[PDB]
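A short write-up of the structure that comes next.
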Amino acid sequence: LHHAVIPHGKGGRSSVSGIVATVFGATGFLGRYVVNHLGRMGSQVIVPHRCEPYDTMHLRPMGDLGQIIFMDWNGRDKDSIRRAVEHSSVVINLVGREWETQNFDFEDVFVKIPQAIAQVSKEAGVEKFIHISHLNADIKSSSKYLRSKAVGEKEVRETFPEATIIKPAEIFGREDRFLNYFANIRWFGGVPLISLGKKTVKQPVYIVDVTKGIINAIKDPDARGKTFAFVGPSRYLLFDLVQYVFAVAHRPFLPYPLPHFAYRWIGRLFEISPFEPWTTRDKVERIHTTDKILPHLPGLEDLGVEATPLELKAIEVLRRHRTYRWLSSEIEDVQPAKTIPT
Amino acid sequence: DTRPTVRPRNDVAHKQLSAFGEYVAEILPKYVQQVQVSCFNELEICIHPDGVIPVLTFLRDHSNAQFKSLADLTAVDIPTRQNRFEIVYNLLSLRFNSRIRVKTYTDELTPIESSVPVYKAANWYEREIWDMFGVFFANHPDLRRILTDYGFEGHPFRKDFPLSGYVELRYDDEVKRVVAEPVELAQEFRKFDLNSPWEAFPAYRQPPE
Amino acid sequence: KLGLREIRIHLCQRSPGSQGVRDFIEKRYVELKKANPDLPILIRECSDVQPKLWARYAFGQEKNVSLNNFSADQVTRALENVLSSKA
Amino acid sequence: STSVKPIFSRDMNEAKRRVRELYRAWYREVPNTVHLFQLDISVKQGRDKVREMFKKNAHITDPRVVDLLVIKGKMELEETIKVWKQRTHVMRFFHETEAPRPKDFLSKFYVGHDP
Amino acid sequence: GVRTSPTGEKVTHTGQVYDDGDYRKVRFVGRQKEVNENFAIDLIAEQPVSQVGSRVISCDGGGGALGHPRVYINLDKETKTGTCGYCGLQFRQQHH
Amino acid sequence: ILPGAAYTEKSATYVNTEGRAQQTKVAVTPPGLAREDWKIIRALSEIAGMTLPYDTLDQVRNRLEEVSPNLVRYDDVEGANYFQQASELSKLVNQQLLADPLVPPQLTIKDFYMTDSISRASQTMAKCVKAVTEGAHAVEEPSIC
Amino acid sequence: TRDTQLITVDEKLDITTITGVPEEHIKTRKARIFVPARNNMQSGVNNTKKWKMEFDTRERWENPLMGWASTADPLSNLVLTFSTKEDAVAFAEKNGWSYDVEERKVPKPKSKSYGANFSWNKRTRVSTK
Ligand SMILES: NC(=O)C1=CN([C@@H]2O[C@H](COP(=O)(O)OP(=O)(O)OC[C@H]3O[C@@H](n4cnc5c(N)ncnc54)[C@H](OP(=O)(O)O)[C@@H]3O)[C@@H](O)[C@H]2O)C=CC1
Ligand SMILES: [Zn+2]
């Protein structure tokens with residue numbers, strides 16, 4: 001170790017952790033939690049960003065003076081990638097959209113870019129590479145999002161053979177687009193569910209647990225070269241999950257079955273949006289997709305993280321979807337969701 | 001008084017304050033332990049802590065005293081004493097245009113009678129002493145922290161309390177609130193040794209042990 | 001194996017309680033060392049210590065025998081029990 | 001010299017009566033605290049914390065020290081009841097952001113020089 | 001004067017320069033390393049030596065009260081020049 | 001290689017040529033990953049399933065008290081005795097002296113400066129050795145203040 | 001005499017619970033009670049009059065940005081002054097700190113004679129003034 005990247009201090013803000021991390025896609029849901037945890041212990045964080053600097057301001061208080069550094073980069077520009085990794089010992093990729101844009105499609109953000117990041121990261125002598133894929137990524141999935149996750153996961157594994165790949169379930173947290181997605185369906189009256197959500201099982205994982213697992217994967221030598229599956233403790237039917245959301249929010253729950261072909265057409269309609277689609281055809285597939293059971297892969301308990309129940313953190317996410325009448329209701333008021341015994 | 005740079009001495013005020021000092025010691029022998037006047041003419045009455053209310057009431061209400069205003073009430077921490085805290089009352093007599101100082105002592109576990117019955121100014125001054133020195137005042141209308149943060153642990157003005165304290169605050173995005181963490185400094189406060197090894201004031205030289 | 005490796009005798013230079021141990025060392029210690037040429041018998045003194053006899057066998061096990069207010073004869077037996085019988 | 005002015009309690013039985021009285025007040029107040037401050041903790045968690053804070057001082061035997069801890073305990077109760085404290089002040093008891101620090105020798109040996 | 005490393009980084013007048021493997025040179029990416037370019041060691045050497053006709057000369061730095069404290073320099077050694085301990089000007093005795 | 005701490009970086013006990021016990025204090029902590037010397041051995045012992053019965057500095061000094069009580073009496077010289085007994089055992093073997101002259105290891109000042117690892121690494125002792133073997137010609141430095 | 005109506009507490013004074021100090025800075029800290037040694041560079045002795053209490057030195061490290069000396073020790077600059085060793089010890093006991101006391105080092109009286117510098121048959125004669 002160079003004399004500068006030797007840990008010092010007590011793991012606090014002004015300590016030196018020895019980690020120098022380049023975090024791609026640090027400006028989204030998962031990125032802010034990752035950068036927060038790296039900055040807590042005293043890491044040097046390089047945050048390359050495509051967006052306006054105003055949209056990175058919430059990251060500034062996450063690290064001591066000098067510790068958070070910001071760079072501009074373009075996902076199709078290899079020289080911008082190199083400037084941002086050449087000094088780092090770990091490179092974390094959290095780049096992704098849940099929808100397609102005129103400029104960047106699922107092939108570009110989940111295959112082209114992660115592999116360009118992986119190729120440059122190895123040529124620059126980066127020791128650790130961490131790639132975030134998806135639990136349900138498959139070459140034969142009816143979600144173009146998940147088929148692109150599968151193709152990119154293989155390219156990343158070939159470009160950076162020592163890459164640690166983390167496959168999380170659907171992540172819930174204050175900015176998740178998962179339990180906030182369901183709680184925002186109230187704006188349309190009832191809740192359209194395919195097969196009434198009785199044929200779909202989900203295993204959501206808490207954001208902090210995903211973040212803790214990522215941080216350990218950096219500091220753990222064994223994690224290198226492995227693929228992990230980050231999943232929650234319990235498995236729920238989609239119907240029971242969505243019913244639990246509406247109970248925590250104290251909203252009226254009126255689920256009605258909607259045929260797959262129709263609910264596809266609703267997705268096509270919301271995609272015309274030139275901003276951020278409320279829903280897309282792909283989001284329909286992913287939500288109504290049974291979360292895989294991958295026993296051969298290691299999980300959070302291996303990295304040392306205890307998965308947090310959805311029943312301890314749902315009020316945290318869903319209290320802002322209540323009305324004044326129910327704001328003060330407490331975590332014990334609602335019935336726990338029925339869990340599939342697995 | 002004709003040395004341009006030397007503060008002149010007011011012998012008349014020294015004599016008057018010395019006389020009034022004996023006067024207070026004659027009337028209240030049960031509580032008065034020491035009386036002294038400084039070279040710049042400030043009278044001090046040192047008392048047993050039981051006499052706070054009797055001594056302060058006599059000074060406020062006696063007709064040859066009439067110290068109607070409590071200018072200040074504070075505490076000094078001296079760790080080398082068994083009674084480490086020195087409670088100081090500074091009083092003003094508008095009738096006679098005089099100030100007097102009354103001092104007493106206590107330790108961590110001993111209460112001092114609240115002087116709110118004599119001066120209503122003392123209410124906040126005692127809350128401050130309780131908060132910064134941890135001296136309890138018995139029979140206070142409401143004793144609680146006044147200066148430190150809610151839930152703050154310790155009494156910062158004790159000489160053995162660290163300058164930067166034990167906890168610092170930051171805003172943590174994960175919990176979306178201000179959190180308290182153990183204190184770390186990017187630059188440690190630099191302790192300077194300044195005391196000169198050569199004696200400066202022979203008149204105050206203490207006797208050899 | 002399981003044999004004695006070392007002996008330590010702790011005693012005070014002047015205290016009455018150690019008077020027994022001092023007499024032993026003056027008279028009988030020389031013979032003891034000549035009898036056991038290779039066993040290290042460490043007589044370490046220090047003012048105001050309750051005299052003791054530490055014995056160290058193989059693999060770090062140790063035993064302590066008080067000698068407070070013993071007599072030179074008793075000290076001899078105490079050493080004999082250690083030298084002869086080895087755990 | 002052992003004669004010392006009492007703060008409140010004349011012996012450890014009078015002091016422990018005030019400890020129990022203060023535990024009842026804190027025990028009753030936790031449900032209201034979780035409600036008013038809108039804490040995500042459970043009422044069981046809050047009562048386990050109150051209990052924990054009461055075990056830290058379980059070894060004391062000086063009536064005057066016991067009285068001060070009770071005086072400080074009642075001061076903290078008032079700040080909570082009257083909502084002088086804020087949510088950040090209530091959640092400082094739970095040290096939610098402080099990462100766990102190793103207790104054993106080897107883990108402590110690998111990180112640094114602290115005993 | 002200003003030198004550069006094989007990595008391209010400028011070396012300051014104190015000799016500081018991040019070495020090849022130090023990650024701390026990331027703070028200059030997209031920005032610049034601020035090095036003052038007038039090395040006082042180079043500038044004080046350009047000054048001519050002053051020939052004086054006495055054993056002892058005094059320097060106050062120039063400008064009177066705007067210089068440094070006045071000090072006296074012994075010029076008996078003829079194998080070297082007298083140097084001001086404050087400003088670095090050099091003096092030599094003129095073979096008297 | 002297991003890095004340790006120099007005498008300026010730990011609180012350690014040393015016994016001088018008189019048998020006086022004295023303890024240093026930590027001035028600065030060890031550099032890099034270096035650790036205290038007795039902690040490395042205590043850490044190694046645990047890894048080897050041979051854990052030692054001490055985990056703090058006070059406990060490793062209670063152990064020193066069991067082996068030799070004088071090692072924890074700081075600044076106190078504990079006198080020894082029993083010289084008569086020591087001489088008696090000395091005579092038994094009767095070894096034979098040699099005819100070599102008694103030449104000390106250090107004869108001139110130049111052998112004094114660099115004698116252990118700390119002084120061998122010092123560049124000041126390096127200039128001291130140069131000065132006493134080569135004169136002031138190559139050791140001089142221009143000094144102005 | 002004093003008539004407050006007093007109790008009798010026979011326990012040792014121990015104020016750790018009521019001081020607000022975190023746990024790790026009482027159990028693990030060793031205090032040093034000592035009279036400071038005279039600075040050898042000077043002959044003044046007025047800084048060797050009082051007893052001092054200081055705490056064991058803990059890690060300082062280099063700040064990544066500026067290179068300043070960073071610390072996580074809240075007691076690094078803490079020094080207390082006492083008149084006697086018994087005063088210093090009592091303070092450490094009630095605060096629960098373990099301490100190692102060091103007895104005062106008093107310079108010994110020397111026999112100085114100016115006339116000895118010119119002795120007739122002794123070695124104390126000086127060859128220069
Ligand atoms: N439930 C979940 O959230 C789950 C997420 N994942 C994966 O985790 C990773 C993080 O997801 P999350 O961060 O939550 O999604 P976000 O949209 O919250 O953040 C995604 C990041 O991707 C960046 N990004 C997207 N497209 C581009 C582009 N073309 N060029 C550059 N940057 C781009 C965005 O930057 P900007 O803000 O500048 O557009 C944003 O910072 C993704 O790979 C996602 O697939 C996997 C399983 C579950
Ligand atoms: Zn000059």
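Indexing begins at 1, ligand by ligand and atom by atom, following the structure's order. Residue numbers start from 1 in every chain, and the chains themselves are labelled A, B, ... in the order their sequence lines are given, proteins ahead of strands.
Considering only heavy atoms from C-beta on, E:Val49 stays 4.5 Å or farther from E:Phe91 through its side chain. Side-chain contact between E:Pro69 and E:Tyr86 is present, with at least one heavy-atom pair separated by less than 4.5 Å. Two residues are said to be in side-chain contact when any heavy atoms from C-beta on lie closer than 4.5 Å; A:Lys128 and A:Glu162 fail this criterion.
With hydrogens left out, the protein atom closest to atom 8 (O) of ligand 1 is A:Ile132 CG2, 3.5 Å, a heavy atom. Given atom 18 (O) of ligand 1, the protein heavy atom at minimum distance is A:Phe29 N, 2.7 Å. A:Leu94 O, 3.5 Å is the protein heavy atom nearest to atom 21 (C) of ligand 1. Atom 1 (N) of ligand 1 has its closest protein heavy atom at A:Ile171 N, 3.2 Å. Nearest to atom 32 (N) of ligand 1 among the protein's heavy atoms is A:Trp73 CZ2, 3.8 Å. What sits closest to atom 19 (O) of ligand 1 on the protein, heavy atoms only, is A:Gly28 CA, 3.3 Å.
Smallest separation of non-hydrogen atoms from E:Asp76 and E:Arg55: OD2-NH2, 3.0 Å. Among all heavy-atom pairs drawn from A:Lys122 and A:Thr159, the shortest one is CE-O, 3.0 Å.
For the residue pair A:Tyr206/A:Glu316, the side-chain donor-acceptor check at 3.5 Å is satisfied. Between the side chains of A:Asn216 and A:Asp220, not a single donor N or O lies within less than 3.5 Å of an accepting N or O.
Near A:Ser133, with a cut-off below 4.0 Å to any heavy atom, the atoms of ligand 1 are 46 (C), 47 (C). Atoms of ligand 1 found under 4.0 Å from any heavy atom of A:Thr27, numbered from 1 in the order shown, are 35 (O), 36 (P), 37 (O), 38 (O), 40 (C), 41 (O). Short contacts between ligand 1 and A:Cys51, defined as distances under 4.0 Å to a heavy atom of the residue, involve ligand atoms 38 (O). Residue-ligand proximity, A:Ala169 to ligand 1, at heavy-atom distances under 4.0 Å covers atoms 47 (C), 48 (C). The contact set between ligand 1 and A:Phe110, taken as ligand atoms under 4.0 Å from a residue heavy atom, comprises 45 (O).
With atom 20 (C) of ligand 1 as the reference point, the heavy atom nearest to it among A:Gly96, A:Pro48, A:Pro114, A:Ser148 is part of A:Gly96. Of the candidates A:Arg286, A:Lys167, A:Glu52, A:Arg97, A:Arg97 brings a heavy atom nearest to atom 17 (O) of ligand 1. The heavy atom nearest to atom 7 (C) of ligand 1, considering only A:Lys149, A:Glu98, A:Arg50, A:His134, is found in A:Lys149.
If you look at A:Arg177 next to ligand 1, the close heavy atoms, those under 4.0 Å, all belong to the side chain. At a heavy-atom cutoff of 4.0 Å, ligand 1 is contacted by no atom of A:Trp99, backbone or side chain. The side chain of A:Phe104, and not its backbone, has at least one atom closer than 4.0 Å to an atom of ligand 1 (non-hydrogen atoms only; side chain from C-beta on).
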*asked:* Could you walk me through whether A:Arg32 and A:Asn36 satisfy the side-chain contact (heavy atoms from CB on, under 4.5 Å) test, starting with their C-alpha distance in whole Å, then the side-chain angles of each, then the deciding distance to 0.1 Å, before giving a yes or no?
replied: CA-CA 6 Å; A:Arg32 76 190 301 167; A:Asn36 182 75; over 6 Å; no
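Because its NZ or CZ atom is both nearer than 6.0 Å to the ring centre of A:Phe104 and within 45° of the ring axis, A:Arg76 counts as a cation-pi partner of that residue.
For a threshold of 3.5 Å applied to N or O pairs, the pair formed by A:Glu170 and ligand 1 contains no separation below that value.
Side-chain atoms of A:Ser43 never come within 3.5 Å of backbone atoms of A:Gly39 as a donor-acceptor pair (strictly under, hydrogens ignored). Side chain of A:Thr164 to main chain of A:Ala223: a donor-acceptor pair is present (N/O by atom type, distance under 3.5 Å, no hydrogens or angles).
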